[PDB]
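Before any questions on binding or motion, here is one chain by itself as structure tokens, the form deposited in one PDB entry.
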């Protein structure tokens, strides 16, 4: 039932959060976890995605699920983003792209006559036992949080 196998070490990676604290994926054992990766703080599309998730938090709560947003922006950037938008869930500052690489969301595009890497918008649903049970890659923002919520409800 897993759609992705993560390196065992992934679950113990210390993840720097907005607010200045740290978590690990293992610390989330016992409940569903939505991990949504987005390319950049404070852009039109990534703001829309975050506000969409934020609007649905109570529905995520009803399933005991928690949300984590992830990009490679700094904690400070995350703090500003979260404050400005009123997010009620944490953002991981994956500055070294450790979590991104673990989920294989760093993708390459041949453009400008060179190989350019970047974060591909992607979302994953992690079971209470830490299994990746569903994945969405190259995500289109419109309707995404709704679809993730629906999928969560179906799995839970």
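Rigid core here is just the name for the largest C-alpha set that superposes within 1.5 Å across the two forms. Residue numbers count along the first chain shown, from 1.
- With 114 to 122 and 63 to 71 compared on mean CA B-factor from the PDB entry, the stretch scoring higher is 114 to 122.
- In this entry, 126 to 134 shows the higher mean Cα temperature factor of the pair 126 to 134 and 93 to 101.
- In the PDB entry, residue 25 places in the middle third of its chain by CA B-factor.
- Remark: residue 148 belongs to the lowest third of its chain, ranked by C-alpha B-factor as recorded.
- When all modelled residues of the chain are sorted by CA temperature factor, residue 50 is found within the lowest third.
- Residue 57: CA B factor lies in the highest third for its chain, per the PDB record.
- Residue-level temperature factors show residue 78 in the lowest third of its chain, judged at the C-alpha atom.
Absent from the display: the form deposited in another entry. The rest refers to it.
- Comparing the forms between this form and the one not shown, the C-alpha position of residue 30 differs by less than 2 angstroms, with the core used for superposition.
- Comparing the forms between this form and the one not shown, the C-alpha position of residue 55 differs by less than 2 angstroms, with the core used for superposition.
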